[PDB]
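Inspection log for the structure reproduced underneath, given as structure tokens.
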Amino acid sequence: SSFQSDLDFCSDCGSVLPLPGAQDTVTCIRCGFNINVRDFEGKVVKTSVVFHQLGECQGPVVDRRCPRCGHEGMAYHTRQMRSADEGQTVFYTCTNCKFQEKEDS
Amino acid sequence: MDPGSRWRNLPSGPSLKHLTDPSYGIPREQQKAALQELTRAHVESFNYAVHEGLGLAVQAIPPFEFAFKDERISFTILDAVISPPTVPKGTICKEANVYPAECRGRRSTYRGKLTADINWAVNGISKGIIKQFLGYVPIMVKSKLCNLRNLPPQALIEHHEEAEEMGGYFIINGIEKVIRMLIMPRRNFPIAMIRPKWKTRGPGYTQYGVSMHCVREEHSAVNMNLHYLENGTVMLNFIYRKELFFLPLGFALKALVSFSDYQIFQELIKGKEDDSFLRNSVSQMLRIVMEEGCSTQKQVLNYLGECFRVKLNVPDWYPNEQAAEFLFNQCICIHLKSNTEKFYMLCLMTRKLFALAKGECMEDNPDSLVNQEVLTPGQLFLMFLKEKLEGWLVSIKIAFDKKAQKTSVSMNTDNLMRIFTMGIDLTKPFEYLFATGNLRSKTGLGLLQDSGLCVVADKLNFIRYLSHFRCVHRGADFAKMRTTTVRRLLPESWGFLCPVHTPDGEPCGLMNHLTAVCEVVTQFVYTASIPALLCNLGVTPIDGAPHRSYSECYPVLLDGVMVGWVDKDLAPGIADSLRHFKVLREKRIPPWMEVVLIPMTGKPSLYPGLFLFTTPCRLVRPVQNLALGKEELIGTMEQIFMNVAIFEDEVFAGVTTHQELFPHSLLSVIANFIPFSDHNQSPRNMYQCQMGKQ
Amino acid sequence: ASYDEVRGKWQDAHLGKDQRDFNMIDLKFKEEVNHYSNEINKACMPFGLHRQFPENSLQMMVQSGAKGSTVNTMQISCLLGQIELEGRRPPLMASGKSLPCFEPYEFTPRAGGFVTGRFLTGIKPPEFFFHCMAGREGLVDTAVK
Amino acid sequence: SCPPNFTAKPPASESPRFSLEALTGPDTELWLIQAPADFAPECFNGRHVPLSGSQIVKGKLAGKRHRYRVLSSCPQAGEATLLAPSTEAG
Amino acid sequence: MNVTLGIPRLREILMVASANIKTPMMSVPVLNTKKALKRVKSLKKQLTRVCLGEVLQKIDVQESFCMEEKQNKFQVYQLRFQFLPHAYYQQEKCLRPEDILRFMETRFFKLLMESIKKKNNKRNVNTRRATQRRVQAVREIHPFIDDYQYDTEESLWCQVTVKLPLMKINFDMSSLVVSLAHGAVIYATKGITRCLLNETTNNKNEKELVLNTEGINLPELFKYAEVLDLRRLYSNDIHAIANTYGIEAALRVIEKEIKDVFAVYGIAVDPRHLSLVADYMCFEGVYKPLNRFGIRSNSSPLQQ
Amino acid sequence: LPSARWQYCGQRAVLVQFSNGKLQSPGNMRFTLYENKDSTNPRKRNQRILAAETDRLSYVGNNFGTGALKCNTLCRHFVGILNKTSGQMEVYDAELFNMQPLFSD
Ligand SMILES: [Zn+2]
Ligand SMILES: [Zn+2]
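Protein chains in written order, with the entry's author numbering: chain S, 11 to 65, 77 to 126; chain D, 1 to 694; chain P, 837 to 981; chain B, 13 to 102; chain Y, 1239 to 1360, 1365 to 1375, 1501 to 1671; chain A, 6 to 15, 21 to 115.
Structural data, given as structure tokens:
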């Protein structure tokens, strides 16, 4: 008339057995049903912590002459940095010498 | 478009013929049914919160039993009503009612008498019933307690009010003050969070955690957290009157149910059965409860009623088994009456935390409107009124404890009752919340902020006045942060909040305004037949076993209550036959239910399930379900899984399942009034929306 | 590779806590759609306007330094171009669809904010919601910090 | 030590047996049919229920030809065990 | 590389004049001689901090139980450490995978067996917080080791079979092992995080390889002189040039560290304004701040 | 395509859950069931208490108390027989019990 619980729980009540210790039988606390410590050989708990399992032309161009190198085409990016009352703001960025100037419209 | 859609009366083009007519200047006998859909969430919420919710919030006040000299005085409020505003008694007058146009011009408050039936009883025998004037509460104009209720537009010009008087506002000392709609977290739902501020809360915590905003019948609100720990152990935090409580998970689940520990083991391992660290951790959490000699439910209840008795402020005569069911009644999952469905909910919060900590489900974005709802003016009225009723009872207790010192004749009461004259009067502590906006509570009412609740409805023009009744304010504490994520436009606000209509300075991104089609769900219905309907479909309930294994089965969560386990090959076919009941109004499926089937992909997507929401105070918007041909109230979380279409040409076969009503539905009322919005730039529109309001 | 396999690879690039291979698919759409943002402006802007400079008043205000730029005129009479949002294309949802109109993980540049319609003729509603994101981004990053 | 082995029940009492069968032989295969909450069981009273897959079986009350759908299953080792009363122990 | 930009760098220079600054760099060009270019590929590698949570793939903890006598009953652990392959880092020291095993065999386990015997040797709470918020050489390390097994064909794993006794509570050895596995392996060169020679940039057509490190150790680079042209060195740290190259070159670093803060943001300031700030802050010989602790040097009480 | 024949007879076939594990070992275990008295109300057809005594422990199972499962009210349970000789799945009525072991007071 024995049941099939997990190894860590009693199989007459459902309460949790404690850990092993100073004896050969681990006992429950509310039914006195004792199980051998030899039955806990197959208690193998695994854990795997994983660290490293696997292992734009800066935007569109516009024909604007660069201040430094004099290249004919700079790449731009717009961004609205003032309030909603006025303006946009255009950030140019050259292809050759990578120079970055801004304008406020 | 469907007849009855509220948008069938949308004009083809502008007319201009309505200002050269003989009808111009004759008041109609029917207010217009399109200007009244803008204060509907303000007025219907107050209607629930002075009639039904007040009777459901004097039942959740427990009986007030305290100790006299070896007797036991017991109070309870049986019923509480609010009268519509009249003149004081003794006034020689002809029309006894008081109308709002008097209270604006005289600069007083439009307020109604609150009074209740208290039931005093000594030593358990019911020995009286006293009708006690508690105070005056403010009445919303055009609600079911205003004296302008259901008047036609000609009888409303006679009482000095405008025709098209939409309501939504309190007259407090002559100044009209609306309660705006704050964003609260999504009620009765696990929200997977990752916050590294939680690592410094206890000894060995982890960032991972699941929160829940719990609300009971629109009148109480409590947040509770879970926390993953590096052991695999789960904790459970909750604040009860500025006292943060720590509580392990086994101490909650053993105190809730009388199940054996093998079933509490089994409920927490349902999907993840081959795992080895998880079974070890859910063994440790129950072993912790086994440590202190707490093997049954009553022993855990005595233990937690002895540890948590001095800060719960229970009386000096309860058994500790009742002073521990007092904390599960008011702090842990208040939205479920059963202690069994609190257990089956803490198991789902715990398993969402396990699948979040292992990195198998992604963080639910707390700032996205997928996981956000709105707070209506019926919630903040009913919550604060409930708390002040309890505070009135506590003030009666303080009146007796002050009458005991410097002792009077002090006889047995027998309806003597000069104490109720000396009780606290909630005229002024209830007026203060409206008059200043400063919430004053020993609880916090489940809200994350203290000020910024009532806003003066200014009326400089009519563009400004509408957009106090469409405002969705994110938070009155996020204005001071250096953040950008809580004030950034996200694509899940399509149809529910307006992209352009927000201010541009410091309240940018916080003060959102609703779109035109969007609407707050305020009608409260009952969910009795829906669990039996689901189990008549393929929902195998919790206690039985599904015919396929778990991890090939979705949880089902009907408005905070765990219901069952749907097989994987049935859950698409259940999410269709619950939209094919909502769009056709069948089998008591409400029209505002969110059938949300988060699918099983096998990748770290959202936590899979079939989540059915029916509660109020959400956001919802109408679309056209193309398969039937009828209007569907898509909610905030359904439309991250639906392929809606804007234009008829963009409707394809098999891919497209819905269609928006009219293609400019994404815009607010005020941002529609901008002519040719699609040709001017976006901060021009965001600046025009605050030109028109000036 | 079929499009479901590539779509599964880009779902796997998404949803991961690396977010490095997902910021590399942005940087390969944002190249291929700016080889179409330039080929439009070479066809419409210099010699394709209705009146050219000096007759054109907008080109006179732009080229003589009065107010404008050669970017605002291209947003008026050619495409608006790619909408970048704090450096990248606009955010996919928690379900991998760009906006409720668009299919989950849709390959087309219209899903990532490539507006390709002007302020002259008109902006359709998705290309408008993306544009409002890019405007609120700048107004928030000014108003807060 | 001293377990209860309870027999204490104030409003209750034992019961006799029923005249059903008591046999589980080589031919009898135990099926555990799980029915909806309002299912009148004479609605299938001569119809073929499937023993594999799924099949839209017909009802009786509304006369609908695919009103119910009987889902067949597999060996689940369902923990419910039948207590069929026997004739050797009355 | 990245630096600190804007006002909290200008305040970091002029207002606090910090000894410990956030993101400090160091820049040395290369001789452009063919012998001294093979060496810089190795020297970029020999200064990067290779950490153990950078070459490790996964930790595989496996707790069991083992009992043979009335006292000999134990908790057998097993820590299988997969290391990431040598092909997946060609930027760090050419750290050939026998070295990340000899690190384990020498000095990981001395940290592990000290963390173990610091933890258990002297969660469950209801406290009501009243506020709001060689295998014979490895076995020689301790007798708790039962077994050691490293990979021989390749060089990728390691299994300590730690055999601990029984306790009351079961502590986590996937929390101690993970927290100890955030630690420097063999050489973190003292005050240098990473090195970046990937700049082949030039100003007047030089093809000048520029190292640009993320940390500051001046005498670490002084011993590489046939490969690094130390005549043209640079730093952010004024306190690491005032104490190595003098105050009269910690004054041609203040000017460049103000100009290269304004010129990130497009602003250009005339050098006659900056050389008045460098010749005021380096007036007393030390690098004083312009704050409440640089007004004590002044003479007028009505200005202080 | 296997098929059968539905034949509903009507008696209750009691079905047992255990709060601690599978049974897996039938032996020397008593089984008695304790219905309610009054048949004028429908409590005679609803109230029932199952007793399953073993020499070690004894198990009590209700239909009304806090601990009774909600799979017999929100769902109906049957038991098939499948007499394959005549080819009929003759089907009875069932009810599911979930027994807790009895310890103390
Ligand atoms: Zn036991
Ligand atoms: Zn250039």
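By construction, the Cβ of each residue, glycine as well, lies at the ideal position given by its N, Cα and C atoms.
Heavy atom of ligand 2 within 6 Å of residue i beta-carbon
i               : result
residue 1569(Y) : no
residue 966(P)  : no
residue 1572(Y) : no
Length of the line joining the Cα atoms of residue i and residue j
i               : j               : result
residue 1620(Y) : residue 1578(Y) : 18 Å
residue 44(S)   : residue 102(B)  : 35 Å
residue 48(B)   : residue 78(B)   : 16 Å
residue 17(S)   : residue 50(S)   : 7 Å
residue 1650(Y) : residue 1293(Y) : 49 Å
residue 73(A)   : residue 364(D)  : 40 Å
residue 23(A)   : residue 31(B)   : 12 Å
residue 1663(Y) : residue 1259(Y) : 24 Å
Other residues of its chain near residue i: CB distance less than 6 Å, five sequence neighbours each side excluded
i              : result
residue 217(D) : 56
residue 568(D) : 552
residue 41(A)  : 62
Any non-hydrogen atom of ligand 3 closer than 6 Å to residue i Cβ
i             : result
residue 23(S) : This structure simply doesn't include ligand 3; it includes ligand 1 and ligand 2 instead.
Heavy atom of ligand 1 within 6 Å of residue i beta-carbon
i              : result
residue 43(S)  : yes
residue 731(D) : The structure shown does not extend to residue 731(D), since chain D is modelled only from 1 to 694, so the question has no answer here.
residue 38(S)  : yes
residue 294(D) : no
Under 7 Å between C-beta atoms of residue i and residue j
i              : j              : result
residue 453(D) : residue 439(D) : yes
residue 29(A)  : residue 24(S)  : yes
residue 601(D) : residue 565(D) : no
residue 638(D) : residue 583(D) : no
residue 301(D) : residue 282(D) : no
residue 671(D) : residue 468(D) : no
residue 906(P) : residue 83(S)  : yes
residue 172(D) : residue 476(D) : no
residue 74(D)  : residue 116(D) : no
residue 377(D) : residue 45(D)  : yes
residue 969(P) : residue 492(D) : no
residue 918(P) : residue 950(P) : yes
residue 550(D) : residue 271(D) : yes
Beta-carbon contacts of residue i that lie in its chain and below 8 Å, excluding the five residues immediately before and after
i              : result
residue 518(D) : 495, 496, 497, 619, 620, 621
residue 522(D) : 40, 41, 44, 45, 48, 376, 378, 616, 617
residue 955(P) : 911, 912, 916
Own chain, CB closer than 7 Å to residue i, minus 5 neighbours either side, in chain order
i               : result
residue 1546(Y) : none
residue 136(D)  : 111, 112, 113, 114, 427
residue 192(D)  : 210, 352, 356, 361, 363, 364, 607
residue 289(D)  : 250, 251, 254, 300
- Between the stretch 1308-1326 of chain Y and the stretch 1521-1528 of chain Y, are three or more C-beta pairs nearer than 8 Å? The stretch 1308-1326 of chain Y is in contact with the stretch 1521-1528 of chain Y.
- How do the stretch 98-108 of chain S and the stretch 1-19 of chain D stand: do at least 3 beta-carbon pairs fall below 8 Å, yes or no? No, because fewer than three Cβ pairs between the stretch 98-108 of chain S and the stretch 1-19 of chain D fall closer than 8 Å, the two stretches do not touch.
- Do the stretch 214-229 of chain D and the stretch 476-488 of chain D make contact, defined as three or more Cβ pairs closer than 8 Å? With the cut-off at 8 Å, the stretch 214-229 of chain D and the stretch 476-488 of chain D do not touch.
- At least 3 beta-carbon pairs within less than 8 Å: the stretch 36-43 of chain B vs the stretch 957-969 of chain P: No: the two stretches stay apart, fewer than three of their Cβ pairs being nearer than 8 Å.
- Please confirm if the stretch 1603-1618 of chain Y is in contact with the stretch 1278-1297 of chain Y, defined as three or more CB-CB distances below 8 Å between the two stretches. Cβ pair count under 8 Å is below three, so no.
- Query: Would you call the stretch 1555-1563 of chain Y and the stretch 1578-1591 of chain Y in contact, with 3 or more CB pairs under 8 Å?
  - Reply: Judged by pairs of C-beta atoms under 8 Å, the stretch 1555-1563 of chain Y touches the stretch 1578-1591 of chain Y, as three or more such pairs exist.
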